[PDB]
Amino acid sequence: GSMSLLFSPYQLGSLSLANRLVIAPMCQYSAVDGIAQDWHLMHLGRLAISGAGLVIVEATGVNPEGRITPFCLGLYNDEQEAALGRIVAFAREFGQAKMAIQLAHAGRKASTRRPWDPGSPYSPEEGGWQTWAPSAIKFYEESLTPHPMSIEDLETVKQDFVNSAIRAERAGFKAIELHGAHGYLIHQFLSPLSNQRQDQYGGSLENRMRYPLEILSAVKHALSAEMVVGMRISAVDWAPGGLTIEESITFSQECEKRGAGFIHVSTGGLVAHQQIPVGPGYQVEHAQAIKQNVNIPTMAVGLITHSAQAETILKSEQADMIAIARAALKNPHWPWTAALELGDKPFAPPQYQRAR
């Protein structure tokens, strides 16, 4: 690349990327017992040949109770690892995208239904399960009060993150994103609205960061040095008394000190009474606040739908990388059109080059 920043090659730690465009993680709710299915090969295989330099696989539960739904991906046994490795192998052969995976634990937001099947969370008798959380504070008022995690629970989930990370590297993923955003377990520890613990893992900012930073360090220590481990954050909670940009800056700096390779900057998701001023680029200001206070790449996301918008965000130095989600659902070849509009050569596998 030469004409635009968006499609110029970029170095993410030890990982050489074809460009600065990222496909954000998007849950598909199409797995069986956490095992990726034909849908994921069709869905992720398309994103891998889209032209983006990095594709982040949807939130993947580190243990059965960490899945958002009974239909989410998991990475806690050999059968799930083999299915994901097959998809990574397809991406290696046909696309120019590096494959990353988002390791997650849904915390108090687990055991829920597909978004297109509205209703209350699955009760244990309906095939659901009781959730875990830093504190016994509910997100869904209609379901069971979450189990407050003991010190041994913290070590169990942390080891599950480590084991899922080791499986991911073995399956061929070149980067890992820890899901500390959108109201799931790590975010639940970070924010005072959900963390009311009275030990050293709740209260002050340093206490609320303590367990998420342990997970990051433990994951980084269990992987080879060339593996990239990043953190997706919710920089603010959009609710009174929640996470502030100053605290998220501090957390992002602490993540960098422990070897995080990038910060993926999102917002919201912690409480139902949030008020989010949704609009084009409504989270770009938060990405710029993070980028100006860390020395690792920052990914912006949120209603980024046009190449000229994406390139301005990079050129004006609001972020280092552009992530898109819904624009890629509408047009999975968004990078093709975007590269042409910016004057760069679009990527296309040989099978598709008669349309180029």
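Residues carry their position along the shown sequence, with the first being 1.
Enquirer: Take the C-alpha B-factors listed in the entry for 142-150 and for 281-289, compute each mean, and give the stretch with the larger one.
Expert: Result: 142-150.
Enquirer: Mean C-alpha B-factor higher for 116-124, or for 87-95?
Expert: According to the PDB entry, the answer is 116-124.
Enquirer: Identify, among 189, 262, 129, 251, the residue whose C-alpha carries the highest B-factor in the deposited PDB entry.
Expert: By C-alpha B-factor in the record, 129 ranks first.
Enquirer: Among 180, 74, 172, 230, where is the Cα temperature factor highest, going by the PDB entry?
Expert: It is 172.
Enquirer: Tell me, lowest, middle or highest third: where does the Cα B factor of residue 221 rank within its chain?
Expert: CA B-factor rank for residue 221: highest third.
Enquirer: Looking at the C-alpha B-factor of residue 335, is it in the lowest, middle or highest third of its chain?
Expert: It belongs to the lowest third of the chain when residues are ordered by C-alpha B-factor.
Enquirer: Which third of the chain holds residue 57 when residues are ordered by C-alpha B factor: lowest, middle or highest?
Expert: For residue 57, the deposited C-alpha B-factor lands in the lowest third.
Enquirer: Residue 9: which third of its chain by C-alpha temperature factor?
Expert: Its C-alpha B-factor, which the entry lists for residue 9, ranks in the middle third among residues of this chain.
Enquirer: Quick check for you: using the entry's CA B-factors within this chain, is residue 136 in the lowest, middle or highest third?
Expert: Its C-alpha B-factor, which the entry lists for residue 136, ranks in the highest third among residues of this chain.
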